[PDB]
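The structure appears right after this line, and notes come after that.
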Amino acid sequence: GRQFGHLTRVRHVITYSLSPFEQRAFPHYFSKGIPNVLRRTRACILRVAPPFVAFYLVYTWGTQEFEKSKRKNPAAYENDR
Amino acid sequence: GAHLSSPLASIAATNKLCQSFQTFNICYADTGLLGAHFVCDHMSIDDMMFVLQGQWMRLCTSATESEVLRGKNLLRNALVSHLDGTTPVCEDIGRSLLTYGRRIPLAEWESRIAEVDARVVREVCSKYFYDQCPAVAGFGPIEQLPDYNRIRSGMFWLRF
């Protein structure tokens, strides 16, 4: 109903925070962040890539398969007859 | 009731936006503490606040010498008031000594009162209020209480 008032009931939690001025926009964003980028990227790339392979394969597979099938009329039947 | 001069005591009785509140001052050796302490319904919290920032902020700009006087008189009374009785008289000295030394500048306090001015209060509050970083303490059922980032933007008016 009333959005902030009545949602849940919660007791004996404590919270701490600072003025945004009190702290920095990039607390080692570069150094400390780069590992975090890496670690989780693999958890996905396990389950992400495998299909993308398949298309590109088939993509070229059919591409070639398409090409010679079309490209060369005197391929199987050459122009002796 | 609702006819009191204090805008807070007028509204907070009117719509009972809080149960009660009082403002404190505590000045340490090097430090001082200005703020209030209020109690209001778990659904009434926000509205107490949006009011309370009204008063401080409006003082820093638009305040007026009239209401100065009604404040001026009271503090004279409260000052003179507390001064009765053995122990409190006795008691001032000790801290005062540990604070200002012997100084019990009794009649001077009055002279000190005559010092304060409309610009003064504004110019003073301009320092210690306008666009600052306030501290926030809370005790449940808080949840309604807005996030800091509101309060912060809520310190400095936009001119509204």
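From first to last, the protein sequence lines stand for chains R and B. If you read the first sequence in the UniProt record's numbering, its first letter stands for residue 2, the second for the next number, and so on. If you read the second sequence in the UniProt record's numbering, its first letter stands for residue 321, the second for the next number, and so on. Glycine included, C-beta positions come from ideal geometry on N, C-alpha and C.
Nonlocal neighbours in the same chain, by C-beta distance under 7 Å from residue i, ignoring five residues either side
i        : result
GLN342/B : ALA356 and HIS357
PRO51/R  : none
In DSSP terms, what residue i is bridged to
i        : result
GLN24/R  : None; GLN24/R has no bridge partner.
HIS357/B : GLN342/B
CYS45/R  : In the DSSP output, where bridge partners are listed per residue, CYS45/R has none listed.
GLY352/B : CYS347/B
Close-in-space but distant-in-sequence residues of the same chain around residue i (CB under 8 Å, 5 per side omitted)
i        : result
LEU324/B : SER330 and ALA333
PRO408/B : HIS402
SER416/B : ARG422, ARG423 and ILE424
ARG396/B : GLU430 and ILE433
Whole-angstrom C-beta distance between residue j and residue i, which should lie under 8 Å
i        : j        : result
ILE424/B : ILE413/B : 7 Å
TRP429/B : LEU399/B : 6 Å
Closer than 6 Å: residue i CB and nearest the ligand SAM heavy atom
i        : result
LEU372/B : Judged by which ligands are present, the structure shown has none, so any question about the ligand SAM falls away.
Start and end residues, alpha helix (DSSP H) containing residue i
i        : result
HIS402/B : 385-402
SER446/B : 438-448
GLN464/B : Taken as a continuous stretch (DSSP letters only), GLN464/B belongs to no alpha helix (DSSP H), as it is neither H nor E.
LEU328/B : 327-334
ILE365/B : 365-382
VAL456/B : That residue, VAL456/B, is in no alpha helix (DSSP H); it is neither H nor E in DSSP.
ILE433/B : 426-435
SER18/R  : Run containing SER18/R: none; DSSP gives neither H nor E here.
Residues near residue i by beta carbon distance below 6 Å, same chain, minus five either side
i        : result
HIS362/B : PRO461
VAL59/R  : none
Any chain D beta carbon closer than 7 Å to residue i
i      : result
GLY6/R : Note that chain D does not occur in the displayed structure, where the protein chains are R and B.
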